[PDB]
>>> print(open('model_3.cif').read())   # mmCIF, N, CA, C and O atoms
data_upload
#
loop_
_atom_site.group_PDB
_atom_site.id
_atom_site.type_symbol
_atom_site.label_atom_id
_atom_site.label_comp_id
_atom_site.auth_asym_id
_atom_site.auth_seq_id
_atom_site.Cartn_x
_atom_site.Cartn_y
_atom_site.Cartn_z
ATOM 1 N N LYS A 1314 150.868 149.062 38.731
ATOM 2 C CA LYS A 1314 151.981 148.729 37.852
ATOM 3 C C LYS A 1314 153.138 148.063 38.582
ATOM 4 O O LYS A 1314 154.098 147.639 37.931
ATOM 5 N N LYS A 1318 150.470 156.424 35.657
ATOM 6 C CA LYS A 1318 150.691 156.196 34.234
ATOM 7 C C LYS A 1318 149.635 156.905 33.393
ATOM 8 O O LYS A 1318 149.662 156.834 32.165
ATOM 9 N N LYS A 1319 148.706 157.589 34.055
ATOM 10 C CA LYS A 1319 147.602 158.241 33.364
ATOM 11 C C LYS A 1319 147.019 159.301 34.282
ATOM 12 O O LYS A 1319 146.752 159.024 35.455
ATOM 13 N N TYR A 1320 146.831 160.508 33.756
ATOM 14 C CA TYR A 1320 146.284 161.614 34.534
ATOM 15 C C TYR A 1320 145.418 162.459 33.616
ATOM 16 O O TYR A 1320 145.876 162.891 32.554
ATOM 17 N N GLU A 1321 144.178 162.702 34.026
ATOM 18 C CA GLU A 1321 143.227 163.439 33.207
ATOM 19 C C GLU A 1321 143.326 164.927 33.513
ATOM 20 O O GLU A 1321 143.274 165.332 34.678
ATOM 21 N N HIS A 1322 143.475 165.736 32.463
ATOM 22 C CA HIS A 1322 143.552 167.194 32.600
ATOM 23 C C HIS A 1322 142.829 167.808 31.404
ATOM 24 O O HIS A 1322 143.438 168.053 30.360
ATOM 25 N N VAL A 1323 141.537 168.069 31.567
ATOM 26 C CA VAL A 1323 140.725 168.695 30.531
ATOM 27 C C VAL A 1323 140.528 170.157 30.898
ATOM 28 O O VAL A 1323 140.097 170.475 32.013
ATOM 29 N N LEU A 1324 140.861 171.048 29.969
ATOM 30 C CA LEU A 1324 140.789 172.479 30.206
ATOM 31 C C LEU A 1324 140.108 173.160 29.027
ATOM 32 O O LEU A 1324 140.054 172.628 27.915
ATOM 33 N N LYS A 1325 139.594 174.356 29.294
ATOM 34 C CA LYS A 1325 138.777 175.068 28.323
ATOM 35 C C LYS A 1325 139.592 175.402 27.080
ATOM 36 O O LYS A 1325 140.818 175.531 27.127
ATOM 37 N N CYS A 1326 138.897 175.536 25.956
ATOM 38 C CA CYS A 1326 139.512 175.865 24.678
ATOM 39 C C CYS A 1326 138.989 177.210 24.189
ATOM 40 O O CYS A 1326 138.169 177.861 24.839
ATOM 41 N N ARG A 1327 139.477 177.620 23.023
ATOM 42 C CA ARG A 1327 139.346 178.987 22.545
ATOM 43 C C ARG A 1327 138.460 179.025 21.308
ATOM 44 O O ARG A 1327 138.457 178.087 20.504
ATOM 45 N N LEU A 1328 137.710 180.112 21.163
ATOM 46 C CA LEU A 1328 136.742 180.274 20.089
ATOM 47 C C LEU A 1328 137.249 181.277 19.059
ATOM 48 O O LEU A 1328 138.165 182.060 19.316
ATOM 49 N N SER A 1329 136.630 181.246 17.882
ATOM 50 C CA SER A 1329 136.976 182.134 16.784
ATOM 51 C C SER A 1329 135.828 183.096 16.510
ATOM 52 O O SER A 1329 134.654 182.738 16.633
ATOM 53 N N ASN A 1330 136.181 184.324 16.130
ATOM 54 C CA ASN A 1330 135.159 185.341 15.915
ATOM 55 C C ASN A 1330 134.330 185.066 14.666
ATOM 56 O O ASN A 1330 133.158 185.448 14.614
ATOM 57 N N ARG A 1331 134.903 184.412 13.652
ATOM 58 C CA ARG A 1331 134.068 183.923 12.560
ATOM 59 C C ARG A 1331 133.040 182.933 13.078
ATOM 60 O O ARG A 1331 131.866 182.977 12.689
ATOM 61 N N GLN A 1332 133.468 182.022 13.948
ATOM 62 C CA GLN A 1332 132.529 181.082 14.540
ATOM 63 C C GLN A 1332 131.490 181.814 15.373
ATOM 64 O O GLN A 1332 130.319 181.428 15.388
ATOM 65 N N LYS A 1333 131.892 182.881 16.067
ATOM 66 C CA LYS A 1333 130.917 183.676 16.805
ATOM 67 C C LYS A 1333 129.880 184.266 15.864
ATOM 68 O O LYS A 1333 128.672 184.186 16.118
ATOM 69 N N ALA A 1334 130.334 184.861 14.762
ATOM 70 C CA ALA A 1334 129.406 185.456 13.812
ATOM 71 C C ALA A 1334 128.441 184.411 13.273
ATOM 72 O O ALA A 1334 127.226 184.630 13.238
ATOM 73 N N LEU A 1335 128.964 183.255 12.872
ATOM 74 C CA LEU A 1335 128.109 182.231 12.280
ATOM 75 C C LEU A 1335 127.145 181.641 13.304
ATOM 76 O O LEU A 1335 125.986 181.354 12.981
ATOM 77 N N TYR A 1336 127.606 181.439 14.539
ATOM 78 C CA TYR A 1336 126.727 180.930 15.584
ATOM 79 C C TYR A 1336 125.594 181.906 15.857
ATOM 80 O O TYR A 1336 124.418 181.518 15.897
ATOM 81 N N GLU A 1337 125.926 183.181 16.061
ATOM 82 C CA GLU A 1337 124.876 184.168 16.270
ATOM 83 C C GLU A 1337 123.962 184.254 15.059
ATOM 84 O O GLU A 1337 122.768 184.537 15.203
ATOM 85 N N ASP A 1338 124.496 184.009 13.864
ATOM 86 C CA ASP A 1338 123.660 183.987 12.672
ATOM 87 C C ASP A 1338 122.630 182.869 12.747
ATOM 88 O O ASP A 1338 121.428 183.099 12.571
ATOM 89 N N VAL A 1339 123.087 181.644 13.011
ATOM 90 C CA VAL A 1339 122.175 180.506 13.009
ATOM 91 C C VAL A 1339 121.201 180.559 14.177
ATOM 92 O O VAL A 1339 120.110 179.983 14.093
ATOM 93 N N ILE A 1340 121.557 181.248 15.263
ATOM 94 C CA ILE A 1340 120.735 181.224 16.468
ATOM 95 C C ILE A 1340 119.328 181.768 16.241
ATOM 96 O O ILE A 1340 118.426 181.486 17.038
ATOM 97 N N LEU A 1341 119.101 182.514 15.166
ATOM 98 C CA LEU A 1341 117.895 183.324 15.042
ATOM 99 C C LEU A 1341 116.696 182.563 14.464
ATOM 100 O O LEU A 1341 115.811 183.193 13.873
ATOM 101 N N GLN A 1342 116.631 181.241 14.615
ATOM 102 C CA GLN A 1342 115.472 180.485 14.158
ATOM 103 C C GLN A 1342 114.465 180.336 15.297
ATOM 104 O O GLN A 1342 114.801 179.738 16.326
ATOM 105 N N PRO A 1343 113.233 180.841 15.155
ATOM 106 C CA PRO A 1343 112.285 180.815 16.289
ATOM 107 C C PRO A 1343 111.942 179.420 16.792
ATOM 108 O O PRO A 1343 111.687 179.240 17.996
ATOM 109 N N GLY A 1344 111.892 178.432 15.898
ATOM 110 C CA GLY A 1344 111.698 177.062 16.337
ATOM 111 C C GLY A 1344 112.611 176.694 17.484
ATOM 112 O O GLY A 1344 112.225 175.936 18.377
ATOM 113 N N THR A 1345 113.830 177.237 17.490
ATOM 114 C CA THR A 1345 114.725 177.032 18.622
ATOM 115 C C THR A 1345 114.110 177.569 19.907
ATOM 116 O O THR A 1345 114.201 176.933 20.964
ATOM 117 N N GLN A 1346 113.489 178.746 19.837
ATOM 118 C CA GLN A 1346 112.875 179.324 21.026
ATOM 119 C C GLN A 1346 111.746 178.439 21.529
ATOM 120 O O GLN A 1346 111.692 178.089 22.718
ATOM 121 N N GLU A 1347 110.830 178.061 20.632
ATOM 122 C CA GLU A 1347 109.709 177.237 21.077
ATOM 123 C C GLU A 1347 110.191 175.890 21.595
ATOM 124 O O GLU A 1347 109.563 175.311 22.487
ATOM 125 N N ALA A 1348 111.298 175.377 21.057
ATOM 126 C CA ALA A 1348 111.844 174.117 21.547
ATOM 127 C C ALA A 1348 112.411 174.272 22.954
ATOM 128 O O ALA A 1348 112.073 173.499 23.858
ATOM 129 N N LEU A 1349 113.273 175.272 23.160
ATOM 130 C CA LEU A 1349 113.847 175.479 24.486
ATOM 131 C C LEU A 1349 112.755 175.689 25.521
ATOM 132 O O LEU A 1349 112.890 175.256 26.673
ATOM 133 N N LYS A 1350 111.665 176.351 25.135
ATOM 134 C CA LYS A 1350 110.564 176.532 26.074
ATOM 135 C C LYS A 1350 109.812 175.226 26.303
ATOM 136 O O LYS A 1350 109.494 174.879 27.447
ATOM 137 N N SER A 1351 109.528 174.483 25.232
ATOM 138 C CA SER A 1351 108.692 173.293 25.353
ATOM 139 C C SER A 1351 109.437 172.148 26.026
ATOM 140 O O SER A 1351 108.855 171.411 26.832
ATOM 141 N N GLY A 1352 110.716 171.982 25.715
ATOM 142 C CA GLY A 1352 111.455 170.843 26.227
ATOM 143 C C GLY A 1352 110.985 169.513 25.675
ATOM 144 O O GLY A 1352 110.863 168.541 26.432
ATOM 145 N N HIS A 1353 110.707 169.448 24.373
ATOM 146 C CA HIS A 1353 110.419 168.197 23.685
ATOM 147 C C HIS A 1353 111.364 168.046 22.501
ATOM 148 O O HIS A 1353 111.583 168.995 21.742
ATOM 149 N N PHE A 1354 111.910 166.838 22.342
ATOM 150 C CA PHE A 1354 112.984 166.610 21.381
ATOM 151 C C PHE A 1354 112.546 166.799 19.933
ATOM 152 O O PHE A 1354 113.403 166.981 19.061
ATOM 153 N N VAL A 1355 111.242 166.774 19.652
ATOM 154 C CA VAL A 1355 110.764 166.812 18.276
ATOM 155 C C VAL A 1355 111.257 168.031 17.509
ATOM 156 O O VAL A 1355 111.099 168.085 16.286
ATOM 157 N N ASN A 1356 111.845 169.012 18.190
ATOM 158 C CA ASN A 1356 112.363 170.214 17.548
ATOM 159 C C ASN A 1356 113.869 170.378 17.687
ATOM 160 O O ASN A 1356 114.530 170.783 16.728
ATOM 161 N N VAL A 1357 114.433 170.068 18.857
ATOM 162 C CA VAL A 1357 115.864 170.237 19.081
ATOM 163 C C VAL A 1357 116.707 169.262 18.279
ATOM 164 O O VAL A 1357 117.933 169.408 18.232
ATOM 165 N N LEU A 1358 116.083 168.265 17.654
ATOM 166 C CA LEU A 1358 116.835 167.287 16.878
ATOM 167 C C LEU A 1358 117.702 167.957 15.823
ATOM 168 O O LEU A 1358 118.791 167.467 15.506
ATOM 169 N N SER A 1359 117.245 169.085 15.280
ATOM 170 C CA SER A 1359 117.926 169.701 14.149
ATOM 171 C C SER A 1359 119.218 170.384 14.581
ATOM 172 O O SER A 1359 120.306 170.038 14.108
ATOM 173 N N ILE A 1360 119.116 171.359 15.488
ATOM 174 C CA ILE A 1360 120.265 172.191 15.841
ATOM 175 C C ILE A 1360 121.470 171.344 16.208
ATOM 176 O O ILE A 1360 122.616 171.768 16.024
ATOM 177 N N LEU A 1361 121.234 170.139 16.729
ATOM 178 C CA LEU A 1361 122.321 169.250 17.124
ATOM 179 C C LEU A 1361 123.461 169.288 16.116
ATOM 180 O O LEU A 1361 124.623 169.507 16.474
#
>>> encode(input="model_3.cif", output="structure tokens")
Amino acid sequence: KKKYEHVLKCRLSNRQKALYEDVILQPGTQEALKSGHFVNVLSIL
């Protein structure tokens, strides 16, 4: 010549915790994480 990057962690909500743990229980997620092929993980995105 003004710019400085400062990214820091953010905070979660317990309703979001409940809903996330709710959705987590689909077994297709398990077989996907084990297989490592995108044909299944496309959904959870």
>>> select_by_dssp(input="model_3.cif", residues="chain A", states="alpha helix (DSSP H)", output="VMD selection string")
chain A and resid 1330 to 1339 1343 to 1351 1354 to 1357
>>> residues_around(input="model_3.cif", residues="residue 1356 of chain A", least_positions_apart="6", cutoff="8 Å", atoms="all atoms listed in the file", output="PyMOL selection string")
chain A and resi 1344-1345+1347-1349
>>> write_last_selection(input="model_3.cif", atoms="N, CA, C and O atoms", output="mmCIF file, in the coordinates of the input")
data_model
loop_
_atom_site.group_PDB
_atom_site.id
_atom_site.type_symbol
_atom_site.label_atom_id
_atom_site.label_comp_id
_atom_site.auth_asym_id
_atom_site.auth_seq_id
_atom_site.Cartn_x
_atom_site.Cartn_y
_atom_site.Cartn_z
ATOM 1 N N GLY A 1344 111.892 178.432 15.898
ATOM 2 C CA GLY A 1344 111.698 177.062 16.337
ATOM 3 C C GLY A 1344 112.611 176.694 17.484
ATOM 4 O O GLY A 1344 112.225 175.936 18.377
ATOM 5 N N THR A 1345 113.830 177.237 17.490
ATOM 6 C CA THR A 1345 114.725 177.032 18.622
ATOM 7 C C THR A 1345 114.110 177.569 19.907
ATOM 8 O O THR A 1345 114.201 176.933 20.964
ATOM 9 N N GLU A 1347 110.830 178.061 20.632
ATOM 10 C CA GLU A 1347 109.709 177.237 21.077
ATOM 11 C C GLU A 1347 110.191 175.890 21.595
ATOM 12 O O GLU A 1347 109.563 175.311 22.487
ATOM 13 N N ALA A 1348 111.298 175.377 21.057
ATOM 14 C CA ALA A 1348 111.844 174.117 21.547
ATOM 15 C C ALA A 1348 112.411 174.272 22.954
ATOM 16 O O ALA A 1348 112.073 173.499 23.858
ATOM 17 N N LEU A 1349 113.273 175.272 23.160
ATOM 18 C CA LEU A 1349 113.847 175.479 24.486
ATOM 19 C C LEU A 1349 112.755 175.689 25.521
ATOM 20 O O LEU A 1349 112.890 175.256 26.673
#
>>> closest_residue(input="model_3.cif", among="A:1359, A:1314, A:1352, A:1324", to="residue 1339 of chain A", atoms="only C-alpha atoms")
A:1359
>>> atom_distance(input="model_3.cif", atom1="atom C of residue 1360 of chain A", atom2="atom N of residue 1326 of chain A")
20.4 Å
>>> atom_distance(input="model_3.cif", atom1="atom CA of residue 1341 of chain A", atom2="atom CA of residue 1361 of chain A")
14.9 Å
>>> atom_distance(input="model_3.cif", atom1="atom CA of residue 1358 of chain A", atom2="atom CA of residue 1334 of chain A")
22.3 Å
